[PDB]
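The structure tokens that follow cover one protein chain in two forms, given apart as structure 1 and structure 2.
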Structure 1
């Protein structure tokens, strides 16, 4: 119909929970979006799988309905290019010629490989693994899952050996189906497999040896984030025939592009159910001394030195707000904002909210949630505030660890997203204790945003990264530290003591 010309960028965000499509214009407004859940298959405990075909069929459905919606509004709809971003680590093995999965996707959240990680960790110098791949052995990354498949599945062992299978992360799987055969990954995804030399950006021989990948040609070419990943040829999305796929990045790194985290000492934190952090380390490979992850932030082109990052997680810290709600200590999450406005301090109350142990730098799985310093005067308010403060303290320990390893004194910025960022009193406390400028982005959808940006740069939609930079840096709330260093030292040491009581062996 009637409304004229419309040039768009398709950004696909294939998430854990669902599949999203965003149609961006070249000013980076969302002209249209939709999404579709897929089933989160948890068979026995610790298992977590996806139907790779369900995901693909959801994707086609979304692509086809989006373009009809756009074409029913505008006169000349042009989809210029396609950006792909995705749940990392999650792995599929399939048949190179029919494209049938030889098994479901095994999601990053899956832990059936826990016993193997223990075994292989007892046998190998985890220190040499960290130098090679940027991380110790773990249950999240793809390799131990690829291994489990090789060990409990004769067909997968055999078609890996004969060279007629493909081992792919979700991006590879998306691009292979859309282009009817192309076998690619990018640097950021490749870095989440346990198979890639973190220094040379190549599939690693010794790592594959460790993991029984006997034939290295089943692994897709590692491309850079901007690159030609092929043309759409699928007959499932007829309107998209011959449209170029031109950006590809893992979700967490995509959100760094959406948050314009481009230079060293620039960092982004998500405060959702999970609370985790990425610090851009410039062109320097920094290895952590406290067990945090060395990753690839991005590499735009083949000529570029890649930019590196450091990664840290405090698990599902935002679920401590759900736990206050279960125990009636608040009635609505919004009440947490209210409480931290009214309540200036906790009157000496400290909450070490280690419900699942303490993560980096301490690494203590045996730590539990502990509240200290209460009197008859203590109220829901004080306990709720302490919990929230306990989240900030954990986060500060990670920042103080990563910044110590990087040889810097302070973060340039911490760009923040997720639902806890609606709490401004809480944002302010994080700024105080960490000693950092905190900016909350203008955009919710920083993850799809980064893939659109990458895809648009590759086809030269904008004339330079600087053109997009100032668009991307728009903040919606800004925070500077209002706490003196003497008071920071005093509080974080009261925290340290409370963590000591929590951990001392008796």
Structure 2
């Protein structure tokens, strides 16, 4: 008889389910991809019903498998984590989406952001929310929906719509109607006051959200999110949803970066570096976003973070695969062993613009330096190198904002962290010691932690921390400052070529 924690990670490219035992070993896991719809230049959508169907199927297969291995199974609780910013507006009473999800990676609102940015003081927006206007957060997507679909406008006005991130969507469906979010996801909307942790009336007005009742209640990360009641997942009847957090913040909890100054970097569909700033709100002057790291309980002061976001990483590799430049993602290590340099090819991976720290939504993905000798392999390597170069820019902003000369370690996680030549190149270019987590799925691990803590599986966070801090690999820089400066100059000139106004 087996107690387990279900951790759902509804990620950008796929939905993942993880069943953890109470020693935080994975006893079953699986995933299903869902369509990445890119209809037009800059558009990026998901089908919200496809996501739910995939979720239900994965939950049902998982309990079946477990009930096959074990004598009885007890699901103690459910934690939810998710791709952030992605937004769905749906009908409250029926649950019917009024439009597809518009994903974080969508950039159709470039024109709107240019328009609004000229009308508002960017420092005032940043003080309120933690960010300048951008194409990335939910708010301009919501605005676009309201401007382009009068049904949406009408139903926000009359309070018959719900505006939600993916976490809100999942909980609403599982619970048959609860409307909740958590402070980490709310901080990704451009609608929350970053200091007070409440929906901000002024921001709502800017974005034409005329009836704030359509917004879900903002909860702490460990909370009573409700009981599963969906008839699609009958074995899960009355199992409580007890933790909820945005994916990249989830990875902070899974990496145990709980002390001020500790930093992690997750390599996934995008790459996301967060540093814990303790209870102090730190506002960047270098292109980083101020966000909520976590707030476990209602009476806790939140821990804050500075975040550097990169949009093209795994999403780039996926693009390469679709367009036949790579036969399979698994090859990327072998490609980097065999292909020792790119023969000066540079790939500025800007398919959805540049995010942190330059924030140029007018950037597009660009390849430079090719000759007849250039092969697929070199193009693939150059895209991977471009991840590292972008991360280096982020690290430079972070050290400036933090008033430090270096990070002592960067804790890293993700599939790509198993690719030794890639991680070595990252360590070389960012000039930072990198410690790779033992767990790669640290996102799902953080959600299982929060859910378990909420139902007292363990007494305290302190009983799980030594477990969490485990590492299996370390990288140090092996690259000369001469060589590094030369490579970073090459990158910098290719970014200039990509950005110059002509």
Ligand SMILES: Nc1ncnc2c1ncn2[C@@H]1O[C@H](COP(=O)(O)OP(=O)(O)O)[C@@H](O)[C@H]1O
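Residue numbers count along the first chain shown, from 1. Superpose the two forms; the largest set of C-alphas matching within 1.5 Å is the rigid core.
Where the criterion is the form solved without adenosine-5'-diphosphate, structure 2 meets it and its counterpart does not. With the rigid core aligned between the two structures, the listed residues 180, 157, 362, 206 include just one Cα displaced by at least 2 Å, namely that of 362. Residue 481: CA moves 2 Å or more between the two structures after rigid-core fitting. Relative to the superposed rigid core, residue 275 undergoes a CA displacement of at least 2 Å between the two structures.
When the rigid core is held fixed, the Cα atom of residue 323 travels 2 angstroms or more between the two structures. With both forms fitted on their core, the C-alpha atom of residue 403 sits 3.8 Å from where it sits in the other form; this compares the forms between the two structures.
Here the rigid core is superposed, and residue 379 then shows its C-alpha moved by 16.1 angstrom between the two structures. In the core-superposed comparison between the two structures, the CA atom of residue 428 travels 6.8 Å.
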